[PDB]
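First comes the structure, then the notes that go with it.
Numbering of residues begins at 1 and proceeds along the displayed sequence.
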Amino acid sequence: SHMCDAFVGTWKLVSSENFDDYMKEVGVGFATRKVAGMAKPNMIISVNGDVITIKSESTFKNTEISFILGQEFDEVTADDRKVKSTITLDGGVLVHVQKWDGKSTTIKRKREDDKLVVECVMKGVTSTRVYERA
Ligand SMILES: O=C(O)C1=C(C(=O)Nc2sc3c(c2-c2nc(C4CC4)no2)CCCC3)CCOC1
């Protein structure tokens, strides 16, 4: 009955490219990058009314955000940055912008064939992470 229906469900990580470089660009330190790079998270996406919830579950750490499209919220990220986030839908793509200390990074999620493709961009550096249904 809505746009976001194509995203809903439980997803598992199947491939990752350039994720160590993207994390260096964001400022993540060595030990966190090593543990993050080894993670094989599940991503669980659900909708209730106007509220969308995205859960990332892994061996080390579970994180979860709930939000309304276009309404800014405060978020603590898995590497413990405190950021201001806004998530919108742009032409069928979920676009998550995070701002902290004069910096910005964007995470886009798109459905492509049977995959949910996550593209993370900071300055010049892009990491692509591909998920399939669990
Ligand atoms: O869900 C995804 O595929 C995305 C990300 C992701 O899985 N990150 C994980 S899983 C995870 C950890 C981290 C982590 N990210 C960071 C910085 C880069 C943001 N520091 O630690 C650390 C603890 C163990 C499990 C991040 C980028 O956006 C999409």
Side-chain angles (χ1 to χ4, degrees):
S1 75
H2 290 271
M3 321 107 135
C4 264
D5 283 3
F7 286 102
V8 165
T10 292
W11 300 87
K12 69 176 197 277
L13 186 70
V14 298
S15 72
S16 179
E17 191 208 347
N18 297 326
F19 185 55
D20 193 68
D21 280 358
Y22 170 79
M23 285 191 291
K24 292 184 182 185
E25 205 67 24
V26 168
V28 184
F30 185 89
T32 297
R33 285 204 320 279
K34 291 310 108 163
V35 169
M38 276 296 288
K40 297 291 188 183
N42 280 186
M43 180 189 18
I44 302 98
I45 300 175
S46 62
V47 175
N48 177 330
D50 283 342
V51 182
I52 296 173
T53 294
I54 303 174
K55 303 190 46 141
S56 182
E57 301 201 352
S58 77
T59 35
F60 184 70
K61 160 134 67 186
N62 283 10
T63 60
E64 154 170 322
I65 53 171
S66 293
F67 57 92
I68 293 174
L69 295 168
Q71 298 193 1
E72 183 168 42
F73 54 102
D74 294 306
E75 177 189 9
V76 185
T77 65
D79 56 309
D80 285 335
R81 284 173 287 138
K82 267 50 78 154
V83 303
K84 261 154 201 335
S85 292
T86 305
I87 298 177
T88 56
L89 221 20
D90 157 42
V93 176
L94 272 172
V95 183
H96 179 174
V97 184
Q98 291 169 345
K99 306 290 191 194
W100 76 107
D101 303 334
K103 294 166 229 178
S104 190
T105 187
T106 297
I107 300 124
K108 294 195 187 182
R109 292 172 167 83
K110 44 194 92 163
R111 270 296 304 277
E112 296 177 16
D113 304 317
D114 288 323
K115 295 165 177 63
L116 190 160
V117 178
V118 183
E119 289 164 347
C120 313
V121 175
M122 161 100 193
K123 293 178 101 204
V125 179
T126 309
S127 172
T128 301
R129 291 164 64 79
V130 176
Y131 287 75
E132 273 156 18
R133 287 198 191 270

*Taking atom NZ of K24 as the centre, does the number of heavy atoms from other residues, nucleotides or ligands within less than 6.0 Å exceed 12?*
no

*Is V117 reachable from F7 through a run of hydrophobic residues whose side-chain heavy atoms are each under 4.5 Å from the next?*
no

*May I ask you to check whether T77 and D79 show a side-chain donor-acceptor distance below 3.5 Å?*
yes

*Steps toward side chain to side chain contact (heavy atoms under 4.5 Å, CB included) verdict (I87, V95)*: CA-CA 5 Å; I87 298 177; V95 183; over 6 Å; no

*Could you tell me the separation between the NE2 atom of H2 and the CG atom of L89, rounded to the nearest 0.5 Å?*
11.0 Å

*Considering non-hydrogen atoms only, spot the tightest contact between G37 and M23 and give its length.*
N-CE, 4.3 Å

*asked:* So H96 and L94, do their side chains get closer than 4.5 Å, heavy atoms only?
replied: no

*Who pairs with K12 by salt bridge (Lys or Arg N to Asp or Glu O under 4.0 Å), at least two apart in sequence or on another chain?*
none

_Shared hydrophobic cluster, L13 / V130 (ILVMFWY, side-chain heavy atoms < 4.5 Å)_ = no

*asked:* Do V93 and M3 land in one hydrophobic cluster if side-chain heavy atoms of ILVMFWY residues count as linked below 4.5 Å?
replied: no

_Test of understanding: clusters of I, L, V, M, F, W, Y form through side-chain heavy atoms closer than 4.5 Å, transitively. Do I52 and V8 belong to the same one?_
yes

*Heavy-atom distance under 4.5 Å between the side chains of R129 and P41, does that happen here?*
yes

_Atom pair CZ (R109) and SG (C120), whose distance is rounded to the nearest 0.5 Å_ = 8.0 Å

*Flag yes if more than 12 heavy atoms outside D5 fall under 6.0 Å of its CG atom; otherwise flag no.*
yes

*asked:* Quick one, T63 with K55, criterion side chain to side chain contact (heavy atoms under 4.5 Å, CB included). Give me CA distance, side-chain angles, the key distance, then yes/no.
replied: CA-CA 6 Å; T63 60; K55 303 190 46 141; over 6 Å; no

*Between OG1 of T10 and CD of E57, what distance do you get to the nearest 0.5 Å?*
8.5 Å

*Assess whether side chain to side chain contact (heavy atoms under 4.5 Å, CB included) is satisfied between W11 and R133, documenting all intermediate values.*
CA-CA 4 Å; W11 300 87; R133 287 198 191 270; 3.6 Å; yes

*Could you pull out all residues at least two apart from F67 that satisfy ring pair (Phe, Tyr, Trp, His ring centres under 6.0 Å)?*
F73

*Find out whether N48 and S66 are in side-chain contact, i.e. whether some heavy atom of one side chain is under 4.5 Å from a heavy atom of the other.*
no

*With a 4.5 Å heavy-atom cut-off, do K115 and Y131 have their side chains touching?*
no

*Polar side-chain atom of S127 near backbone of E17 as donor-acceptor pair, under 3.5 Å*: yes

*Looking at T105, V121, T128, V28, which one forms a side-chain contact (heavy atoms from CB on, under 4.5 Å) with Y22?*
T105

*OG1-NZ distance between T106 and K99, expressed to the nearest 0.5 angstrom*: 6.5 Å

*asked:* Just verifying a value: how many Å separate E119 CD and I107 CD1, rounded to the nearest 0.5 Å?
replied: 12.0 Å

*If every non-hydrogen atom of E75 is compared with every non-hydrogen atom of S85, which pair is closest and at what distance?*
OE1-OG, 2.7 Å

*Within-4.5 Å side-chain heavy-atom neighbours: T32 and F60*: no

_Please determine whether residues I65 and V118 belong to a single hydrophobic cluster, defined as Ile, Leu, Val, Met, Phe, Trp and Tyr linked transitively by side-chain heavy-atom distances below 4.5 Å._
yes

*State, yes or no, whether a side-chain contact exists between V97 and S104 at a heavy-atom distance under 4.5 Å.*
yes

*With side chains defined as the heavy atoms from C-beta onward, is the minimum distance between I54 and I44 less than 4.5 Å?*
no

*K82 side chain to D80 main-chain N or O, any donor-acceptor pair under 3.5 Å?*
yes

*Pairwise distance OG(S58) to NZ(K40) - rounded to 0.5 angstrom*: 11.5 Å

*With a cut-off of 6.0 Å (strictly less than), are more than 12 heavy atoms of other residues, nucleotides or ligands near NZ of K123?*
no

*Please tell me if the side chains of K110 and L116 come closer than 4.5 Å, counting only heavy atoms from C-beta onward.*
no

